[PDB]
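*Asks:* Residue numbers (the authors' numbering), protein chains in the order written: chain C, 971 to 1018; chain B, 391 to 438.
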Amino acid sequence: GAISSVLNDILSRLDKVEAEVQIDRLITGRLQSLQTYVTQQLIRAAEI
Amino acid sequence: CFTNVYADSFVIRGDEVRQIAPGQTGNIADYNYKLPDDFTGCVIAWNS
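(1) Counting contacts by CB-CB distance shorter than 8 Å, is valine 987 of chain C in contact with chain B?
(2) Hey, how far is the Cα of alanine 989 of chain C from the Cα of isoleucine 1018 of chain C?
(3) Express the C-alpha separation of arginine 1014 of chain C and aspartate 428 of chain B in angstroms, rounding to a whole number.
(4) Using a Cβ-Cβ cut-off of less than 9 Å, list which residues of the stretch 422-435 of chain B approach chain C; keep chain order.
(5) Looking at the secondary structure, which residues open and close the alpha helix (DSSP H) in which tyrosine 1007 of chain C lies?
(6) Using Cβ-Cβ distances below 9 Å, what residues of the stretch 396-426 of chain B are close to chain C?
(7) Looking at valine 433 of chain B: is its Cβ nearer than 8 Å to the Cβ of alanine 411 of chain B?
(8) When we look at the beta-carbon of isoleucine 980 of chain C and count the other beta-carbons within 10 Å, is it buried (16 or more) or exposed?
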């Protein structure tokens, strides 16, 4: 839901106050994307 | 309750009253009265 997939592009076009509302979307979505990967790898590790 | 308090006082053109807010920019905000990006406080204005 950010304006862009690219972290540098968001920073290339928005001011500090408005950029943070786009950046924290990518932080929240990517941190879910890691927590899914790490949970899946712990469940794989438990099978191996 | 407040740690310590400073009241800052000044006069400006009414169009420029939008520039006083934290993160804003323009011919007074850039050159003679900048609030910090993370400011806490109140800004109060009236025509005189």
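Quick reminder that beta carbons are idealized off the backbone N, C-alpha and C, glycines included.
*Replies:* With the structure as the only source:
(1) For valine 987 of chain C, a Cβ of chain B is located within less than 8 Å of the residue's own Cβ.
(2) Each residue's CA atom was taken as its position, placing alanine 989 of chain C and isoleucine 1018 of chain C some 43 Å apart.
(3) Distance between the alpha carbons of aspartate 428 of chain B and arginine 1014 of chain C: 44 Å.
(4) Along the stretch 422-435 of chain B, the positions whose C-beta sits under 9 Å from a C-beta of chain C are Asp427, read in chain order.
(5) Residues 986-1017.
(6) Residues of the stretch 396-426 of chain B that bring their beta carbon within less than 9 Å of a beta carbon in chain C comprise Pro412, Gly413, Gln414 and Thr415, in sequence order.
(7) It is a contact, given that the beta carbons lie within the stated cut-off.
(8) If you draw a 10 Å sphere on the C-beta of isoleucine 980 of chain C, you find 16 or more other C-beta atoms in it, and that means buried.
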